[PDB]
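Single-structure report; data block below.
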Amino acid sequence: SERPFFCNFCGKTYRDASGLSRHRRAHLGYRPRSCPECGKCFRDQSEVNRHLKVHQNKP
DNA sequence: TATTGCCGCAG
DNA sequence: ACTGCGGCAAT
Ligand SMILES: [Ca+2]
Ligand SMILES: [Zn+2]
Ligand SMILES: [Zn+2]
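Using the deposited numbering, read the first sequence as starting at 136 and increasing by one per residue.
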C-alpha cells in the first residue's frame with residue numbers, strides 16, 4: 136500500500152517510479168511521439184498506437 | 001535509479 | 001468515441 140514516489144511540484148504519490156515518470160512528463164508537456172496521420176502528440180508509442188483507430192472509417 | 005508495452009479504470 | 005491516467009512487468 137506504500138506510495139513512496141512523489142512529485143516535487145504537487146506532491147502526488149505513486150506506487151512505483153513509472154507512474155511518477157509519466158506524471159512529471161505530463162507537467163512538462165513532454166509528448167515526443169506523434170501520430171503520423173494527424174500529427175497529434177502523445178507520451179509514448181503505445182498511446183499513439185491506441186489513438187490510431189480515430190482514423191478508421193466508422194461503421 | 002531510468003523508460004515503455006500492455007492493460008484496465010474512469011470520465 | 002477518445003484519452004488522461006498509472007500499476008505491473010520487463011528491460
Ligand atoms: Ca489502474
Ligand atoms: Zn505533480
Ligand atoms: Zn492521429
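Ideal Cβ placement from N, Cα and C applies to all residues, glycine included.
Does DSSP put residue i in a helix, in a strand, or in coil?
i	result
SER136	coil
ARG178	coil
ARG166	coil
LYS193	coil
By DSSP's criteria, residue i is part of a beta bridge. Which residues make up the other side?
i	result
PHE141	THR148
Neighbourhood of ligand 2 [Cβ distance below 6 Å to any heavy atom], ordered by chain position: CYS142, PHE144, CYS145, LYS147, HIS158, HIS162
Please enumerate, following chain order, all residues with a beta carbon closer than 6 Å to at least one heavy atom belonging to ligand 3. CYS170, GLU172, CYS173, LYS175, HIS186, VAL189, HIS190
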